[PDB]
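Chemist: Sharing my_file_13.cif (mmCIF, N, CA and C atoms and all ligand atoms) below.
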data_input
loop_
_atom_site.label_atom_id
_atom_site.label_comp_id
_atom_site.auth_asym_id
_atom_site.auth_seq_id
_atom_site.Cartn_x
_atom_site.Cartn_y
_atom_site.Cartn_z
N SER A 1 -13.58 41.84 63.81
CA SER A 1 -14.41 42.62 62.84
C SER A 1 -15.57 43.34 63.51
N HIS A 2 -15.94 42.89 64.71
CA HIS A 2 -16.94 43.61 65.52
C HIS A 2 -18.32 43.46 64.95
N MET A 3 -18.44 42.45 64.11
CA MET A 3 -19.73 42.13 63.58
C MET A 3 -20.57 41.51 64.72
N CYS A 4 -21.71 42.10 64.78
CA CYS A 4 -22.73 41.84 65.76
C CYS A 4 -22.35 42.18 67.19
N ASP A 5 -21.42 43.12 67.42
CA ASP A 5 -20.98 43.40 68.81
C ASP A 5 -22.14 43.69 69.70
N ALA A 6 -23.12 44.45 69.22
CA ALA A 6 -24.23 44.86 70.04
C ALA A 6 -25.15 43.72 70.45
N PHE A 7 -25.13 42.62 69.71
CA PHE A 7 -25.97 41.47 70.04
C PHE A 7 -25.34 40.53 71.07
N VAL A 8 -24.02 40.55 71.20
CA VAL A 8 -23.32 39.60 72.00
C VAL A 8 -23.68 39.76 73.46
N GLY A 9 -23.88 38.66 74.17
CA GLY A 9 -24.19 38.73 75.56
C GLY A 9 -25.16 37.64 75.96
N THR A 10 -25.67 37.79 77.19
CA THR A 10 -26.65 36.91 77.77
C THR A 10 -27.92 37.71 78.04
N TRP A 11 -29.02 37.21 77.49
CA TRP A 11 -30.28 37.94 77.45
C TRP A 11 -31.37 37.07 78.06
N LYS A 12 -32.32 37.70 78.73
CA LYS A 12 -33.41 36.95 79.40
C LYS A 12 -34.72 37.45 78.86
N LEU A 13 -35.67 36.59 78.49
CA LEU A 13 -36.99 37.01 77.99
C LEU A 13 -37.76 37.70 79.09
N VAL A 14 -38.29 38.91 78.81
CA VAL A 14 -39.13 39.64 79.75
C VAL A 14 -40.57 39.85 79.27
N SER A 15 -40.87 39.79 77.98
CA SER A 15 -42.24 39.91 77.54
C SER A 15 -42.43 39.20 76.23
N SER A 16 -43.64 38.74 75.97
CA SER A 16 -43.98 38.06 74.74
C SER A 16 -45.41 38.47 74.41
N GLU A 17 -45.66 38.76 73.16
CA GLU A 17 -46.98 39.10 72.67
C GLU A 17 -47.29 38.29 71.46
N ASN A 18 -48.48 37.73 71.45
CA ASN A 18 -49.06 37.00 70.31
C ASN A 18 -48.29 35.72 69.93
N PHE A 19 -47.51 35.16 70.87
CA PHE A 19 -46.70 34.04 70.55
C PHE A 19 -47.55 32.81 70.33
N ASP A 20 -48.66 32.65 71.06
CA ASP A 20 -49.54 31.51 70.78
C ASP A 20 -50.03 31.48 69.33
N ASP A 21 -50.49 32.61 68.83
CA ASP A 21 -50.93 32.65 67.45
C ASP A 21 -49.80 32.40 66.47
N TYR A 22 -48.62 32.93 66.75
CA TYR A 22 -47.48 32.63 65.91
C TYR A 22 -47.22 31.11 65.85
N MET A 23 -47.16 30.50 67.02
CA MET A 23 -46.89 29.08 67.08
C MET A 23 -48.00 28.29 66.34
N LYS A 24 -49.26 28.70 66.49
CA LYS A 24 -50.36 28.01 65.76
C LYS A 24 -50.11 28.08 64.28
N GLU A 25 -49.73 29.26 63.80
CA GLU A 25 -49.56 29.50 62.38
C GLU A 25 -48.42 28.63 61.86
N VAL A 26 -47.41 28.40 62.69
CA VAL A 26 -46.30 27.59 62.32
C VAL A 26 -46.63 26.07 62.35
N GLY A 27 -47.67 25.66 63.05
CA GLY A 27 -48.11 24.28 63.11
C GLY A 27 -47.88 23.58 64.43
N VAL A 28 -47.56 24.34 65.46
CA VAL A 28 -47.32 23.76 66.76
C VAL A 28 -48.64 23.29 67.41
N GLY A 29 -48.60 22.08 67.93
CA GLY A 29 -49.76 21.50 68.58
C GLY A 29 -50.07 22.06 69.96
N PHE A 30 -51.22 21.71 70.48
CA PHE A 30 -51.75 22.31 71.69
C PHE A 30 -50.77 22.24 72.86
N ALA A 31 -50.34 21.04 73.19
CA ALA A 31 -49.57 20.85 74.42
C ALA A 31 -48.24 21.58 74.32
N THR A 32 -47.57 21.46 73.18
CA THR A 32 -46.31 22.16 73.00
C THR A 32 -46.53 23.68 73.09
N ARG A 33 -47.59 24.23 72.52
CA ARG A 33 -47.83 25.66 72.66
C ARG A 33 -47.95 26.09 74.11
N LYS A 34 -48.67 25.30 74.90
CA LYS A 34 -48.86 25.65 76.31
C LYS A 34 -47.53 25.68 77.05
N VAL A 35 -46.73 24.64 76.89
CA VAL A 35 -45.47 24.53 77.64
C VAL A 35 -44.47 25.53 77.08
N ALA A 36 -44.35 25.67 75.77
CA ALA A 36 -43.40 26.63 75.23
C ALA A 36 -43.77 28.06 75.56
N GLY A 37 -45.05 28.36 75.59
CA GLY A 37 -45.50 29.70 75.90
C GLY A 37 -45.19 30.13 77.31
N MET A 38 -45.03 29.20 78.25
CA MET A 38 -44.63 29.53 79.62
C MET A 38 -43.17 29.93 79.76
N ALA A 39 -42.34 29.40 78.86
CA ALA A 39 -40.89 29.45 79.08
C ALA A 39 -40.39 30.89 79.03
N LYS A 40 -39.37 31.12 79.84
CA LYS A 40 -38.64 32.40 79.89
C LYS A 40 -37.19 32.13 79.54
N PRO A 41 -36.89 31.92 78.24
CA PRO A 41 -35.53 31.49 77.88
C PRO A 41 -34.45 32.55 78.18
N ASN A 42 -33.24 32.02 78.37
CA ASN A 42 -31.97 32.76 78.38
C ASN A 42 -31.38 32.56 76.96
N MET A 43 -31.17 33.65 76.20
CA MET A 43 -30.55 33.59 74.89
C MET A 43 -29.13 34.09 75.05
N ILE A 44 -28.17 33.30 74.60
CA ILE A 44 -26.75 33.60 74.76
C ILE A 44 -26.17 33.71 73.37
N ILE A 45 -25.69 34.90 73.01
CA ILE A 45 -25.19 35.16 71.66
C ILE A 45 -23.71 35.44 71.77
N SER A 46 -22.93 34.76 70.93
CA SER A 46 -21.48 34.95 70.91
C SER A 46 -20.97 34.90 69.50
N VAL A 47 -19.80 35.48 69.28
CA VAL A 47 -19.17 35.55 68.00
C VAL A 47 -17.72 35.15 68.15
N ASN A 48 -17.23 34.29 67.26
CA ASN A 48 -15.83 33.89 67.26
C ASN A 48 -15.42 33.88 65.78
N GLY A 49 -14.67 34.89 65.38
CA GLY A 49 -14.35 35.04 63.92
C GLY A 49 -15.63 35.28 63.11
N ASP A 50 -15.86 34.50 62.10
CA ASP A 50 -17.04 34.61 61.28
C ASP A 50 -18.22 33.81 61.82
N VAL A 51 -18.01 33.04 62.90
CA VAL A 51 -19.05 32.14 63.36
C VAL A 51 -19.85 32.78 64.49
N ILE A 52 -21.16 32.90 64.27
CA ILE A 52 -22.09 33.39 65.29
C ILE A 52 -22.74 32.18 65.92
N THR A 53 -22.88 32.19 67.23
CA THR A 53 -23.62 31.12 67.96
C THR A 53 -24.74 31.78 68.77
N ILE A 54 -25.94 31.22 68.62
CA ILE A 54 -27.10 31.64 69.40
C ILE A 54 -27.60 30.39 70.13
N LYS A 55 -27.50 30.43 71.45
CA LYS A 55 -28.01 29.36 72.30
C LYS A 55 -29.25 29.88 73.01
N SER A 56 -30.21 29.01 73.19
CA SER A 56 -31.37 29.30 74.00
C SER A 56 -31.47 28.21 75.04
N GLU A 57 -31.49 28.61 76.29
CA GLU A 57 -31.62 27.70 77.42
C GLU A 57 -32.93 27.97 78.16
N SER A 58 -33.75 26.96 78.37
CA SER A 58 -35.02 27.19 79.05
C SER A 58 -35.49 25.91 79.66
N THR A 59 -36.55 26.04 80.45
CA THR A 59 -37.22 24.89 81.03
C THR A 59 -37.83 23.98 79.98
N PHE A 60 -38.18 24.54 78.79
CA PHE A 60 -38.86 23.81 77.73
C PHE A 60 -37.86 23.02 76.93
N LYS A 61 -36.95 23.72 76.28
CA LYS A 61 -35.92 23.09 75.48
C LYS A 61 -34.68 23.94 75.56
N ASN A 62 -33.55 23.30 75.31
CA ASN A 62 -32.29 23.99 75.03
C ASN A 62 -31.97 23.80 73.57
N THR A 63 -31.68 24.91 72.87
CA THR A 63 -31.33 24.88 71.47
C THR A 63 -29.98 25.59 71.27
N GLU A 64 -29.32 25.30 70.15
CA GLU A 64 -28.09 26.00 69.81
C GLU A 64 -27.94 25.94 68.31
N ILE A 65 -27.66 27.10 67.73
CA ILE A 65 -27.28 27.18 66.33
C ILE A 65 -25.98 27.95 66.23
N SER A 66 -25.13 27.52 65.32
CA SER A 66 -23.91 28.22 64.91
C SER A 66 -23.91 28.35 63.41
N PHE A 67 -23.48 29.51 62.91
CA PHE A 67 -23.67 29.81 61.50
C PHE A 67 -22.76 30.94 61.07
N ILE A 68 -22.57 31.01 59.76
CA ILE A 68 -21.92 32.09 59.08
C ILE A 68 -23.00 32.87 58.29
N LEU A 69 -22.95 34.19 58.34
CA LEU A 69 -23.96 34.99 57.68
C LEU A 69 -23.98 34.64 56.20
N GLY A 70 -25.19 34.46 55.68
CA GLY A 70 -25.44 34.16 54.28
C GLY A 70 -25.29 32.74 53.86
N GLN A 71 -24.92 31.83 54.76
CA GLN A 71 -24.58 30.44 54.43
C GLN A 71 -25.60 29.54 55.07
N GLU A 72 -26.41 28.89 54.25
CA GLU A 72 -27.52 28.05 54.70
C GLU A 72 -27.04 26.90 55.59
N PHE A 73 -27.86 26.53 56.55
CA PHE A 73 -27.55 25.44 57.50
C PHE A 73 -28.82 24.73 57.89
N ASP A 74 -28.63 23.53 58.43
CA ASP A 74 -29.71 22.74 59.02
C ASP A 74 -29.94 23.11 60.46
N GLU A 75 -31.23 23.25 60.85
CA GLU A 75 -31.62 23.60 62.20
C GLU A 75 -32.77 22.66 62.59
N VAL A 76 -32.73 22.19 63.83
CA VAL A 76 -33.88 21.54 64.43
C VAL A 76 -34.42 22.54 65.44
N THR A 77 -35.65 22.97 65.19
CA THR A 77 -36.24 24.00 66.00
C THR A 77 -36.72 23.42 67.35
N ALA A 78 -37.11 24.29 68.26
CA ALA A 78 -37.55 23.84 69.59
C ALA A 78 -38.80 22.93 69.50
N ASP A 79 -39.64 23.21 68.51
CA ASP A 79 -40.85 22.40 68.22
C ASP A 79 -40.60 21.24 67.22
N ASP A 80 -39.33 20.94 66.99
CA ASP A 80 -38.84 19.75 66.27
C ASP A 80 -39.10 19.81 64.78
N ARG A 81 -39.24 21.02 64.22
CA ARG A 81 -39.24 21.14 62.79
C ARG A 81 -37.79 20.97 62.32
N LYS A 82 -37.61 20.34 61.16
CA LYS A 82 -36.30 20.19 60.53
C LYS A 82 -36.32 21.20 59.40
N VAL A 83 -35.59 22.30 59.61
CA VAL A 83 -35.66 23.40 58.69
C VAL A 83 -34.29 23.69 58.05
N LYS A 84 -34.37 24.42 56.95
CA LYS A 84 -33.16 24.96 56.30
C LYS A 84 -33.18 26.46 56.56
N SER A 85 -32.14 26.95 57.24
CA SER A 85 -32.07 28.32 57.72
C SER A 85 -30.97 29.10 57.06
N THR A 86 -31.22 30.39 56.82
CA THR A 86 -30.19 31.33 56.38
C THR A 86 -30.37 32.59 57.17
N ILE A 87 -29.26 33.08 57.74
CA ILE A 87 -29.27 34.28 58.56
C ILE A 87 -28.34 35.30 57.92
N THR A 88 -28.86 36.51 57.75
CA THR A 88 -28.14 37.63 57.17
C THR A 88 -28.25 38.81 58.10
N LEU A 89 -27.40 39.80 57.86
CA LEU A 89 -27.43 41.06 58.58
C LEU A 89 -27.90 42.11 57.56
N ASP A 90 -29.01 42.77 57.83
CA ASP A 90 -29.56 43.76 56.93
C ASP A 90 -29.77 45.04 57.71
N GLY A 91 -28.98 46.05 57.41
CA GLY A 91 -29.14 47.30 58.14
C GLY A 91 -29.11 47.15 59.68
N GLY A 92 -28.21 46.35 60.17
CA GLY A 92 -28.10 46.17 61.64
C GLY A 92 -29.10 45.21 62.27
N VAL A 93 -29.98 44.58 61.50
CA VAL A 93 -30.95 43.61 61.96
C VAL A 93 -30.52 42.23 61.50
N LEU A 94 -30.48 41.27 62.43
CA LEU A 94 -30.28 39.86 62.05
C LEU A 94 -31.62 39.30 61.51
N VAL A 95 -31.59 38.84 60.29
CA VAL A 95 -32.77 38.31 59.62
C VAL A 95 -32.57 36.81 59.40
N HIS A 96 -33.44 36.02 59.98
CA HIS A 96 -33.34 34.55 60.02
C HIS A 96 -34.54 33.97 59.33
N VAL A 97 -34.31 33.33 58.18
CA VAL A 97 -35.41 32.70 57.43
C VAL A 97 -35.28 31.21 57.58
N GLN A 98 -36.37 30.55 57.93
CA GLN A 98 -36.49 29.09 58.06
C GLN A 98 -37.45 28.56 57.00
N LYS A 99 -36.99 27.57 56.25
CA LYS A 99 -37.78 26.94 55.18
C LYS A 99 -37.97 25.47 55.54
N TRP A 100 -39.22 24.98 55.43
CA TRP A 100 -39.54 23.55 55.65
C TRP A 100 -40.88 23.22 55.02
N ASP A 101 -40.99 22.06 54.36
CA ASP A 101 -42.28 21.61 53.82
C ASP A 101 -42.99 22.67 52.97
N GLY A 102 -42.25 23.44 52.18
CA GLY A 102 -42.81 24.48 51.34
C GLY A 102 -43.31 25.71 52.06
N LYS A 103 -43.02 25.78 53.35
CA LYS A 103 -43.40 26.91 54.22
C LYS A 103 -42.17 27.77 54.56
N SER A 104 -42.40 28.96 55.11
CA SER A 104 -41.32 29.87 55.48
C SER A 104 -41.78 30.70 56.65
N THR A 105 -40.85 30.94 57.58
CA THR A 105 -41.05 31.92 58.66
C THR A 105 -39.78 32.76 58.77
N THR A 106 -39.92 34.03 59.17
CA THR A 106 -38.80 34.92 59.34
C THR A 106 -38.79 35.46 60.78
N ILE A 107 -37.60 35.41 61.37
CA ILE A 107 -37.31 35.88 62.72
C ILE A 107 -36.30 36.98 62.61
N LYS A 108 -36.67 38.19 63.03
CA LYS A 108 -35.76 39.32 63.05
C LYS A 108 -35.35 39.64 64.48
N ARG A 109 -34.07 39.91 64.66
CA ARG A 109 -33.50 40.24 65.96
C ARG A 109 -32.83 41.61 65.82
N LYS A 110 -33.22 42.53 66.71
CA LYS A 110 -32.84 43.95 66.64
C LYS A 110 -32.43 44.42 68.03
N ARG A 111 -31.51 45.37 68.09
CA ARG A 111 -31.16 46.08 69.31
C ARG A 111 -31.93 47.36 69.35
N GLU A 112 -32.68 47.60 70.42
CA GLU A 112 -33.50 48.80 70.60
C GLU A 112 -33.26 49.29 72.02
N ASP A 113 -32.66 50.47 72.21
CA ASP A 113 -32.31 50.93 73.55
C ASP A 113 -31.45 49.83 74.21
N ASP A 114 -31.72 49.42 75.44
CA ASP A 114 -30.94 48.39 76.10
C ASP A 114 -31.52 46.99 75.90
N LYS A 115 -32.54 46.89 75.04
CA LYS A 115 -33.27 45.63 74.79
C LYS A 115 -32.83 44.96 73.50
N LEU A 116 -33.12 43.66 73.43
CA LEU A 116 -33.01 42.92 72.19
C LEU A 116 -34.47 42.49 71.91
N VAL A 117 -34.97 42.91 70.75
CA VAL A 117 -36.34 42.65 70.33
C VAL A 117 -36.34 41.62 69.21
N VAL A 118 -37.15 40.58 69.37
CA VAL A 118 -37.28 39.49 68.45
C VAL A 118 -38.68 39.51 67.87
N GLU A 119 -38.77 39.65 66.55
CA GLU A 119 -40.03 39.64 65.84
C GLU A 119 -40.14 38.40 64.99
N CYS A 120 -41.13 37.58 65.23
CA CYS A 120 -41.36 36.31 64.53
C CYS A 120 -42.58 36.44 63.67
N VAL A 121 -42.45 36.19 62.37
CA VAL A 121 -43.54 36.38 61.45
C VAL A 121 -43.82 35.10 60.65
N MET A 122 -45.09 34.72 60.57
CA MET A 122 -45.55 33.55 59.77
C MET A 122 -46.83 34.07 59.08
N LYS A 123 -46.84 34.08 57.75
CA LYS A 123 -47.91 34.65 56.97
C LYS A 123 -48.24 36.06 57.54
N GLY A 124 -49.47 36.29 57.95
CA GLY A 124 -49.86 37.58 58.47
C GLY A 124 -49.75 37.72 59.97
N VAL A 125 -49.14 36.74 60.66
CA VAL A 125 -49.10 36.76 62.13
C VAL A 125 -47.73 37.11 62.62
N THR A 126 -47.63 38.11 63.48
CA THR A 126 -46.40 38.51 64.12
C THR A 126 -46.45 38.32 65.60
N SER A 127 -45.35 37.92 66.18
CA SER A 127 -45.15 37.87 67.61
C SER A 127 -43.91 38.65 67.94
N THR A 128 -43.96 39.40 69.03
CA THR A 128 -42.86 40.21 69.51
C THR A 128 -42.42 39.72 70.88
N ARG A 129 -41.13 39.38 71.00
CA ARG A 129 -40.52 38.89 72.20
C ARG A 129 -39.39 39.84 72.56
N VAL A 130 -39.42 40.35 73.77
CA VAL A 130 -38.47 41.36 74.24
C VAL A 130 -37.58 40.76 75.33
N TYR A 131 -36.28 40.92 75.13
CA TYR A 131 -35.25 40.47 76.03
C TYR A 131 -34.47 41.64 76.64
N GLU A 132 -34.08 41.47 77.91
CA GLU A 132 -33.18 42.37 78.61
C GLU A 132 -31.89 41.64 78.94
N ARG A 133 -30.83 42.39 79.27
CA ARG A 133 -29.58 41.77 79.66
C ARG A 133 -29.79 40.96 80.93
N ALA A 134 -29.21 39.76 80.99
CA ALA A 134 -29.37 38.80 82.09
C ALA A 134 -28.51 39.25 83.24
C1 LIG B 1 -37.77 31.62 67.94
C2 LIG B 1 -38.60 30.51 68.55
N1 LIG B 1 -39.54 29.83 67.86
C3 LIG B 1 -40.29 28.81 68.44
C4 LIG B 1 -41.26 28.10 67.71
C5 LIG B 1 -41.99 27.11 68.24
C6 LIG B 1 -41.78 26.79 69.59
CL1 LIG B 1 -42.73 25.58 70.27
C7 LIG B 1 -40.82 27.45 70.35
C8 LIG B 1 -40.04 28.49 69.83
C9 LIG B 1 -39.06 29.22 70.55
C10 LIG B 1 -38.83 28.87 71.98
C11 LIG B 1 -39.76 29.26 72.97
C12 LIG B 1 -39.63 28.93 74.31
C13 LIG B 1 -38.49 28.27 74.74
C14 LIG B 1 -37.52 27.88 73.81
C15 LIG B 1 -37.69 28.16 72.45
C16 LIG B 1 -38.35 30.23 69.95
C17 LIG B 1 -37.31 30.95 70.69
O1 LIG B 1 -37.79 31.87 71.55
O2 LIG B 1 -36.10 30.74 70.67
#
As structure tokens, how would this structure be written, given the file I've shared?
Ligand SMILES: Cc1nc2ccc(Cl)cc2c(-c2ccccc2)c1C(=O)O

Modeler:
Amino acid sequence: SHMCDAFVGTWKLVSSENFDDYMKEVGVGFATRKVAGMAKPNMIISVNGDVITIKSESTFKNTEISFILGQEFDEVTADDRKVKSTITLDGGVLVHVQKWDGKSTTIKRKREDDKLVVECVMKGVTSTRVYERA
């Protein structure tokens, strides 16, 4: 079906802006913010039929989620939140909403030129993380 063809691949983080404030807003403690903020993850995105898998490999944590668009799932985040996640495709953007403890954060993943841009939003705080092909 070629859904998400442009996202598929191996991507390496090259820049991050305002991620400390994002993590604070989400509730991440001091030490975890410091160590997570250093990391330069490899994000590996693959598709097999209707199932999308996004793996993140880094010095901090390795994470993996597999999901079907529109179908809620359980996720344990890198900072150990136990969240309920739903990922949809809206106008070519992967939109990932995480719900936990009456809170919500949204992570958007977009293809821009040869980059994959990740925008993380919690209340009024945004962080932008830019990935290039690995
Ligand atoms: C989207 C996201 N949200 C987070 C929230 C809190 C903390 Cl501490 C970490 C993350 C991370 C992350 C950062 C560094 C290495 C590995 C994961 C990511 C991610 O880039 O995949």

Chemist: Just checking: using only N, CA and C atoms, which residue out of A:63, A:12, A:124, A:25 ends up closest to residue 42 in chain A?

Modeler: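 Smallest separation from residue 42 in chain A among the options: A:12.
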
Chemist: If we count only N, CA and C atoms and set the cut-off at 7 Å, which residues sit around residue 51 in chain A, ignoring sequence neighbours fewer than 2 positions away in its own chain? Please answer as an MDAnalysis selection string.

Modeler: chainID A and resid 46:49 53 66:69

Chemist: With a distance cut-off of 8 Å and all atoms listed in the file, select the neighbouring residues of residue 38 in chain A, excluding the residue or stretch itself and same-chain residues fewer than 4 positions from it, and output the selection as a PyMOL selection string.

Modeler: chain A and resi 32-34+59-60

Chemist: Which distance in Å separates CA of residue 31 in chain A and CA of residue 54 in chain A, to one decimal?

Modeler: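 According to the coordinates, CA of residue 31 in chain A and CA of residue 54 in chain A are separated by 25.4 Å.
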
Chemist: Please report the interatomic distance between atom C of residue 1 in chain A and atom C14 of ligand LIG 1 (chain B) in Å with one decimal.

Modeler: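 So the two atoms, atom C of residue 1 in chain A and atom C14 of ligand LIG 1 (chain B), lie 28.8 Å apart.
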
Chemist: Check which residues of chain A sit at most 9 Å from ligand LIG 1 (chain B) using only C-alpha atoms and all ligand atoms, and return one row each with the closest pair of atoms and their distance in Å to one decimal, ordered by chain and rising number, as a Markdown table.

Modeler:
| residue | atom | partner | partner_atom | distance |
| --- | --- | --- | --- | --- |
| A:13 | CA | B:LIG1 | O1 | 8.3 |
| A:19 | CA | B:LIG1 | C3 | 8.5 |
| A:22 | CA | B:LIG1 | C4 | 7.9 |
| A:23 | CA | B:LIG1 | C5 | 5.4 |
| A:24 | CA | B:LIG1 | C5 | 8.8 |
| A:26 | CA | B:LIG1 | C5 | 7.3 |
| A:27 | CA | B:LIG1 | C5 | 8.5 |
| A:28 | CA | B:LIG1 | CL1 | 6.1 |
| A:29 | CA | B:LIG1 | CL1 | 8.3 |
| A:32 | CA | B:LIG1 | CL1 | 5.7 |
| A:33 | CA | B:LIG1 | CL1 | 5.6 |
| A:34 | CA | B:LIG1 | CL1 | 8.6 |
| A:35 | CA | B:LIG1 | CL1 | 7.9 |
| A:36 | CA | B:LIG1 | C12 | 4.5 |
| A:37 | CA | B:LIG1 | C12 | 6.1 |
| A:38 | CA | B:LIG1 | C12 | 7.3 |
| A:39 | CA | B:LIG1 | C12 | 5.0 |
| A:40 | CA | B:LIG1 | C13 | 6.6 |
| A:41 | CA | B:LIG1 | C13 | 5.4 |
| A:42 | CA | B:LIG1 | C14 | 8.7 |
| A:43 | CA | B:LIG1 | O2 | 7.5 |
| A:55 | CA | B:LIG1 | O2 | 8.4 |
| A:56 | CA | B:LIG1 | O2 | 6.0 |
| A:57 | CA | B:LIG1 | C14 | 6.9 |
| A:58 | CA | B:LIG1 | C13 | 5.6 |
| A:59 | CA | B:LIG1 | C13 | 7.3 |
| A:60 | CA | B:LIG1 | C13 | 5.4 |
| A:61 | CA | B:LIG1 | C14 | 5.3 |
| A:62 | CA | B:LIG1 | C14 | 6.6 |
| A:63 | CA | B:LIG1 | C15 | 7.2 |
| A:77 | CA | B:LIG1 | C4 | 6.7 |
| A:78 | CA | B:LIG1 | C7 | 4.9 |
| A:79 | CA | B:LIG1 | CL1 | 4.2 |
| A:80 | CA | B:LIG1 | CL1 | 8.1 |
| A:81 | CA | B:LIG1 | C5 | 8.5 |
| A:107 | CA | B:LIG1 | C1 | 6.8 |
| A:118 | CA | B:LIG1 | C1 | 7.9 |
| A:119 | CA | B:LIG1 | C1 | 8.6 |
| A:120 | CA | B:LIG1 | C1 | 6.8 |
| A:129 | CA | B:LIG1 | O1 | 7.6 |

Chemist: Using atom N of residue 65 in chain A and atom C of residue 52 in chain A as the two end points, give the distance in Å to one decimal.

Modeler: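 Spanning atom N of residue 65 in chain A to atom C of residue 52 in chain A is a straight-line distance of 7.3 Å.
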
Chemist: I want to know what sits within 7 Å of residue 93 in chain A, based on all atoms listed in the file, with residues of the same chain fewer than 6 positions away left out; could you give that as a ChimeraX atom specification?

Modeler: /A:108-111

Chemist: Which residues are near residue 87 in chain A? Cut-off 6 Å, only C-alpha atoms, ignore same chain within fewer than 5 positions. Put them as a PyMOL selection string.

Modeler: chain A and resi 69-70+95-96

Chemist: Going by DSSP on the backbone, which bits of range 11-69 of chain A are helix (DSSP H, G or I)? Write them as a VMD selection string, please.

Modeler: chain A and resid 19 to 26 30 to 38

Chemist: Choose the residue, out of A:64, A:5, A:72, A:113, that has the smallest atom-to-atom separation from residue 98 in chain A; count only C-alpha atoms.

Modeler: A:72

Chemist: Compare A:20, A:125, A:99, A:94 by their minimum atom-to-atom distance to residue 6 in chain A, counting only C-alpha atoms, and give me the closest one.

Modeler: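 Looking only at the distances to residue 6 in chain A, the closest residue turns out to be A:94.
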
Chemist: Name the closest residue to residue 131 in chain A among the candidates A:8, A:45, A:117, A:3; distances are taken between atoms, counting only C-alpha atoms.

Modeler: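 Ranking A:8, A:45, A:117, A:3 by distance to residue 131 in chain A, first place goes to A:117.
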
Chemist: Counting only C-alpha atoms, figure out which residue out of A:44, A:97, A:30, A:104 gets nearest to residue 7 in chain A.

Modeler: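 The answer is A:44, which sits nearest to residue 7 in chain A.
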
Chemist: Starting from 4 Å padding per side, set up an axis-aligned box that covers all listed atoms of range 94-102 of chain A and hand over centre and edge lengths in Å, one decimal, as AutoDock Vina command-line options.

Modeler:
--center_x -36.8 --center_y 31.4 --center_z 56.9 --size_x 21.0 --size_y 27.7 --size_z 19.1
